[PDB]
$ cat final31.txt   # compact mmCIF, C-alpha atoms and all ligand atoms
# COMPACT_ATOMS: atom_id res chain seq x y z
CA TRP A 5 111.59 84.84 109.46
CA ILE A 6 114.48 87.39 109.76
CA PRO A 7 113.83 91.04 110.70
CA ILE A 8 115.17 93.46 108.07
CA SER A 9 117.19 96.30 109.68
CA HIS A 10 119.96 98.77 108.72
CA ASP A 11 122.44 95.85 109.47
CA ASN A 12 121.11 93.41 106.78
CA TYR A 13 118.95 95.29 104.18
CA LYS A 14 121.65 94.60 101.51
CA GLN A 15 120.55 90.88 101.61
CA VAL A 16 117.06 91.88 100.37
CA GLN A 17 116.60 91.26 96.59
CA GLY A 18 114.31 93.52 94.59
CA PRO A 19 112.47 94.35 92.60
CA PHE A 20 110.50 96.81 94.75
CA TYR A 21 107.17 98.61 94.21
CA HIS A 22 105.81 101.97 95.39
CA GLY A 23 102.22 103.25 95.09
CA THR A 24 101.60 106.99 94.97
CA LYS A 25 99.64 109.91 93.53
CA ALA A 26 103.02 111.32 92.23
CA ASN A 27 103.33 111.56 88.41
CA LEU A 28 107.08 111.05 87.65
CA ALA A 29 109.20 109.55 84.91
CA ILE A 30 111.46 106.52 84.88
CA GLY A 31 114.84 107.73 86.25
CA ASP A 32 113.27 110.32 88.55
CA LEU A 33 113.81 110.35 92.31
CA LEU A 34 110.70 110.19 94.53
CA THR A 35 111.25 113.03 97.06
CA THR A 36 107.47 113.48 97.41
CA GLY A 37 104.76 111.52 99.33
CA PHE A 38 107.04 110.91 102.31
CA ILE A 39 104.94 110.25 105.41
CA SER A 40 105.45 112.29 108.59
CA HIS A 41 104.39 109.91 111.37
CA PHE A 42 104.64 109.78 115.16
CA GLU A 43 106.99 107.15 116.60
CA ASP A 44 108.90 107.01 119.92
CA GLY A 45 108.15 110.62 120.95
CA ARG A 46 108.93 112.38 117.63
CA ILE A 47 107.75 112.81 114.00
CA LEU A 48 109.74 110.59 111.60
CA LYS A 49 109.67 110.98 107.80
CA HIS A 50 109.71 107.80 105.71
CA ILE A 51 108.79 106.62 102.26
CA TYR A 52 107.34 103.10 101.94
CA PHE A 53 107.79 100.32 99.40
CA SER A 54 107.38 96.55 99.12
CA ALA A 55 109.05 93.52 97.48
CA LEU A 56 105.47 92.40 96.56
CA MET A 57 103.00 94.16 94.23
CA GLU A 58 99.82 94.07 96.33
CA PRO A 59 101.08 96.37 99.17
CA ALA A 60 101.90 98.98 96.47
CA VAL A 61 98.35 98.59 95.08
CA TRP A 62 97.09 99.46 98.58
CA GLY A 63 99.61 102.32 98.72
CA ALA A 64 98.34 103.76 95.41
CA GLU A 65 94.64 103.38 96.38
CA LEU A 66 95.15 105.03 99.79
CA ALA A 67 97.39 107.79 98.37
CA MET A 68 94.62 108.71 95.90
CA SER A 69 91.81 108.43 98.51
CA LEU A 70 93.64 110.48 101.19
CA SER A 71 94.38 113.16 98.51
CA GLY A 72 90.68 113.13 97.47
CA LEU A 73 91.79 112.50 93.83
CA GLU A 74 89.88 110.61 91.11
CA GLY A 75 91.10 107.37 89.47
CA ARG A 76 93.85 104.79 89.95
CA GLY A 77 97.19 105.91 91.40
CA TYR A 78 100.65 105.30 90.00
CA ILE A 79 102.74 102.21 90.78
CA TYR A 80 106.47 102.47 90.21
CA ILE A 81 109.16 99.84 90.19
CA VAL A 82 111.76 101.40 92.51
CA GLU A 83 115.12 101.04 94.21
CA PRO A 84 115.81 102.51 97.65
CA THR A 85 118.91 104.78 97.54
CA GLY A 86 119.77 104.30 101.23
CA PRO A 87 119.30 101.88 104.13
CA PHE A 88 115.83 100.48 104.79
CA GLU A 89 114.09 98.34 107.39
CA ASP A 90 110.88 96.47 108.09
CA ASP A 91 107.83 98.72 108.26
CA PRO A 92 106.88 98.32 111.97
CA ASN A 93 103.22 99.09 111.01
CA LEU A 94 103.08 95.77 109.13
CA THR A 95 105.56 93.69 111.19
CA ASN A 96 104.33 91.60 114.18
CA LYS A 97 101.05 93.57 114.20
CA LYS A 98 98.15 91.74 112.56
CA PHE A 99 100.57 88.95 111.41
CA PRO A 100 103.80 87.32 112.54
CA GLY A 101 106.87 88.81 110.88
CA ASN A 102 106.59 90.99 107.76
CA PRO A 103 104.58 88.79 105.38
CA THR A 104 103.82 91.65 102.93
CA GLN A 105 107.60 92.38 102.65
CA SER A 106 106.90 96.08 103.31
CA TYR A 107 109.84 98.38 104.05
CA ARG A 108 110.55 102.01 104.95
CA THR A 109 113.49 104.28 104.26
CA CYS A 110 114.53 107.85 105.04
CA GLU A 111 116.13 108.43 101.58
CA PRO A 112 114.51 108.95 98.16
CA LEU A 113 113.39 106.09 95.91
CA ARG A 114 114.76 105.80 92.35
CA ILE A 115 112.03 105.04 89.75
CA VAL A 116 113.37 102.20 87.53
CA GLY A 117 110.07 101.15 85.86
CA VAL A 118 106.27 101.42 85.76
CA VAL A 119 103.52 98.89 86.58
CA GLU A 120 100.75 99.41 83.98
CA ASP A 121 98.30 96.62 84.84
CA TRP A 122 96.71 95.73 88.12
CA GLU A 123 93.33 94.77 89.57
CA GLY A 124 92.28 97.08 92.35
CA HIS A 125 90.65 96.26 95.69
CA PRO A 126 86.89 96.99 96.00
CA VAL A 127 86.33 100.43 97.63
CA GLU A 128 84.56 98.79 100.62
CA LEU A 129 87.95 97.11 101.39
CA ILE A 130 89.74 100.53 101.17
CA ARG A 131 87.11 102.41 103.34
CA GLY A 132 88.13 100.97 106.78
CA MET A 133 91.81 101.81 106.32
CA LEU A 134 90.89 105.22 104.85
CA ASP A 135 88.68 105.99 107.92
CA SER A 136 91.62 105.09 110.28
CA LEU A 137 94.13 107.10 108.14
CA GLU A 138 91.75 110.15 107.98
CA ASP A 139 91.71 110.16 111.84
CA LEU A 140 95.53 109.73 112.12
CA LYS A 141 95.85 112.59 109.53
CA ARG A 142 93.51 114.89 111.59
CA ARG A 143 95.65 114.12 114.71
CA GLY A 144 98.99 114.82 112.91
CA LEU A 145 100.06 111.17 113.57
CA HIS A 146 100.36 110.10 109.88
CA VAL A 147 100.62 112.91 107.27
CA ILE A 148 101.55 112.70 103.55
CA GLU A 149 104.10 115.41 102.51
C1 LIG A 201 100.34 96.85 102.81
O1 LIG A 201 99.54 97.11 103.98
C2 LIG A 201 98.15 97.30 103.66
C3 LIG A 201 97.45 95.99 103.47
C4 LIG A 201 97.93 94.85 103.90
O2 LIG A 201 97.33 93.59 103.75
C5 LIG A 201 97.05 92.91 104.97
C6 LIG A 201 96.40 91.58 104.60
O3 LIG A 201 98.31 92.66 105.71
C7 LIG A 201 98.25 93.37 106.87
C8 LIG A 201 99.30 93.42 107.73
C9 LIG A 201 100.58 92.69 107.46
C10 LIG A 201 99.17 94.17 108.89
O4 LIG A 201 100.19 94.26 109.76
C11 LIG A 201 98.01 94.96 109.11
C12 LIG A 201 97.90 95.80 110.25
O5 LIG A 201 98.94 95.97 111.08
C13 LIG A 201 96.79 96.67 110.38
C14 LIG A 201 95.69 96.57 109.51
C15 LIG A 201 94.51 97.40 109.59
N1 LIG A 201 94.57 98.55 110.14
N2 LIG A 201 93.39 99.24 110.27
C16 LIG A 201 92.14 98.92 109.60
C17 LIG A 201 91.39 97.99 110.53
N3 LIG A 201 91.14 98.62 111.82
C18 LIG A 201 90.44 97.70 112.72
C19 LIG A 201 92.38 99.11 112.43
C20 LIG A 201 93.16 100.00 111.48
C21 LIG A 201 95.72 95.64 108.47
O6 LIG A 201 94.65 95.56 107.66
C22 LIG A 201 96.90 94.87 108.22
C23 LIG A 201 97.03 94.01 107.10
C24 LIG A 201 96.20 93.77 105.92
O7 LIG A 201 95.08 94.12 105.63
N4 LIG A 201 96.91 97.58 111.46
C25 LIG A 201 96.15 97.73 112.55
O8 LIG A 201 95.14 97.06 112.68
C26 LIG A 201 96.55 98.84 113.50
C27 LIG A 201 96.72 98.42 114.93
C28 LIG A 201 96.84 100.09 113.10
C29 LIG A 201 96.81 100.66 111.79
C30 LIG A 201 97.32 101.84 111.48
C31 LIG A 201 97.42 102.41 110.10
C32 LIG A 201 96.01 102.70 109.63
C33 LIG A 201 98.18 101.53 109.10
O9 LIG A 201 99.39 101.06 109.70
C34 LIG A 201 98.54 102.23 107.78
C35 LIG A 201 99.59 103.33 107.97
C36 LIG A 201 98.99 101.25 106.69
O10 LIG A 201 100.13 100.51 107.18
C37 LIG A 201 97.90 100.28 106.21
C38 LIG A 201 96.62 100.98 105.76
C39 LIG A 201 98.44 99.36 105.11
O11 LIG A 201 98.59 100.09 103.85
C40 LIG A 201 99.82 100.37 103.43
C41 LIG A 201 99.81 100.84 102.03
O12 LIG A 201 100.80 100.23 104.11
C42 LIG A 201 97.55 98.16 104.77
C43 LIG A 201 97.24 97.34 106.02
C1 LIG A 202 95.75 108.08 124.41
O1 LIG A 202 96.75 107.40 123.63
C2 LIG A 202 97.38 108.25 122.62
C3 LIG A 202 98.47 109.09 123.22
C4 LIG A 202 98.55 110.35 122.88
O2 LIG A 202 99.59 111.23 123.10
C5 LIG A 202 100.90 110.88 122.68
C6 LIG A 202 101.73 112.14 122.64
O3 LIG A 202 101.53 109.95 123.69
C7 LIG A 202 101.81 108.79 123.04
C8 LIG A 202 102.31 107.69 123.72
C9 LIG A 202 102.65 107.79 125.18
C10 LIG A 202 102.54 106.55 123.01
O4 LIG A 202 103.04 105.48 123.68
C11 LIG A 202 102.20 106.44 121.61
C12 LIG A 202 102.39 105.23 120.87
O5 LIG A 202 102.88 104.13 121.51
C13 LIG A 202 102.01 105.18 119.49
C14 LIG A 202 101.48 106.32 118.86
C15 LIG A 202 101.07 106.35 117.46
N1 LIG A 202 100.88 105.27 116.83
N2 LIG A 202 100.90 105.27 115.48
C16 LIG A 202 100.92 106.54 114.73
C17 LIG A 202 100.58 106.35 113.27
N3 LIG A 202 101.30 105.24 112.68
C18 LIG A 202 101.10 105.15 111.24
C19 LIG A 202 100.95 104.01 113.38
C20 LIG A 202 101.43 104.08 114.81
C21 LIG A 202 101.32 107.50 119.56
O6 LIG A 202 100.78 108.54 118.92
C22 LIG A 202 101.66 107.58 120.93
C23 LIG A 202 101.48 108.78 121.69
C24 LIG A 202 100.90 110.09 121.36
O7 LIG A 202 100.43 110.53 120.31
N4 LIG A 202 102.12 103.98 118.75
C25 LIG A 202 102.94 102.95 118.83
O8 LIG A 202 104.00 103.00 119.46
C26 LIG A 202 102.58 101.74 118.03
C27 LIG A 202 103.77 100.83 117.94
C28 LIG A 202 101.38 101.42 117.46
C29 LIG A 202 100.06 102.02 117.59
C30 LIG A 202 99.01 101.72 116.82
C31 LIG A 202 97.65 102.37 116.73
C32 LIG A 202 97.61 103.27 115.48
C33 LIG A 202 97.30 103.15 118.01
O9 LIG A 202 97.13 102.22 119.09
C34 LIG A 202 96.05 104.05 117.92
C35 LIG A 202 94.78 103.25 117.61
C36 LIG A 202 95.86 104.91 119.18
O10 LIG A 202 95.58 104.07 120.29
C37 LIG A 202 97.05 105.83 119.53
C38 LIG A 202 97.58 106.61 118.33
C39 LIG A 202 96.67 106.73 120.71
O11 LIG A 202 95.84 107.84 120.23
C40 LIG A 202 94.59 108.00 120.71
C41 LIG A 202 93.99 109.29 120.27
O12 LIG A 202 94.04 107.18 121.40
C42 LIG A 202 97.84 107.33 121.48
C43 LIG A 202 98.73 106.21 122.04
$ encode --input "final31.txt" --output "structure tokens"
Amino acid sequence: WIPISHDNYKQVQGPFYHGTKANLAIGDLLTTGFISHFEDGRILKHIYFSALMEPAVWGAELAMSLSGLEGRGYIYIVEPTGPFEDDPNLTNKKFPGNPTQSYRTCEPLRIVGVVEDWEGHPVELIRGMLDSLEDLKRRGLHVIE
């Protein structure tokens, strides 16, 4: 397993997926739903995406739940427009390496397509992460812009 950094992200093949509450068209830039999060003594602002579909399904479900909104989110096929790196939240935490192929970037995502069809996770599965994210939100440690 090879860590993805600003030195080697160009070696990562798409496609990529992003889950969100944002309602945008193909060709639009995602400048919304960046996450302000605490890391190494400061707030950083990143948008998150994956080379696999399922992490974006989680991203859409949690975007909708944290926003208190009804229904399924949106999943976009995306390209980063600047350097990206492993999401440290999902890298050498619960699993070795970055098995969900989840990445973060400081620059907007380009929407290049839409995912229409997916099977969601049961809400019970979403509740434990939502509880944790609600607390981090209250503490200003992870905040959707
Ligand atoms: C694609 O990721 C998803 C599913 C992966 O599928 C799956 C199978 O692969 C996972 C990987 C590779 C992990 O590394 C991981 C993990 O590191 C983690 C929790 C569980 N966290 N919590 C719930 C259990 N509770 C005891 C502790 C808090 C996980 O479940 C997973 C996990 C999975 O379930 N982290 C922790 O336990 C700790 C120490 C802190 C958590 C902090 C916040 C809450 C999270 O970081 C937020 C910012 C998000 O990152 C997640 C919600 C992910 O949603 C997205 C869209 O990113 C989600 C895991
Ligand atoms: C008393 O301890 C606190 C210090 C407060 O004050 C303050 C100013 O000083 C801090 C120090 C000195 C840290 O060293 C620190 C830190 O190392 C860290 C996060 C924040 N972590 N996350 C932010 C969200 N993001 C999506 C995931 C990573 C922090 O906020 C802090 C932090 C503060 O905020 N984390 C990480 O580096 C990594 C790599 C992962 C952590 C994973 C989970 C999420 C955490 O373990 C959860 C379960 C909590 O245990 C902490 C958040 C503590 O919060 C409480 C109330 O217990 C906090 C350390």
$ closest_residue --input "final31.txt" --among "A:71, A:117, A:111, A:43" --to "residue A:20" --atoms "only C-alpha atoms"
A:117
$ atom_distance --input "final31.txt" --atom1 "atom CA of residue A:149" --atom2 "atom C23 of ligand LIG 201 (chain A)"
23.0 Å
$ closest_residue --input "final31.txt" --among "A:76, A:97, A:25, A:142" --to "ligand LIG 201 (chain A)" --atoms "only C-alpha atoms and all ligand atoms"
A:97
$ closest_residue --input "final31.txt" --among "A:72, A:119, A:145, A:10" --to "residue A:86" --atoms "all atoms listed in the file"
A:10
$ closest_residue --input "final31.txt" --among "A:48, A:34, A:16, A:67" --to "ligand LIG 202 (chain A)" --atoms "all atoms listed in the file"
A:48
$ residues_near_ligand --input "final31.txt" --ligand "ligand LIG 202 (chain A)" --cutoff "7 Å" --atoms "all atoms listed in the file" --output "CSV table (one decimal) with C-alpha atoms, in the coordinates of the input"
chain,number,residue,atom,x,y,z
A,41,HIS,CA,104.4,109.9,111.4
A,42,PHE,CA,104.6,109.8,115.2
A,43,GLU,CA,107.0,107.2,116.6
A,44,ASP,CA,108.9,107.0,119.9
A,45,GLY,CA,108.2,110.6,121.0
A,93,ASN,CA,103.2,99.1,111.0
A,140,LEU,CA,95.5,109.7,112.1
A,145,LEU,CA,100.1,111.2,113.6
A,146,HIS,CA,100.4,110.1,109.9
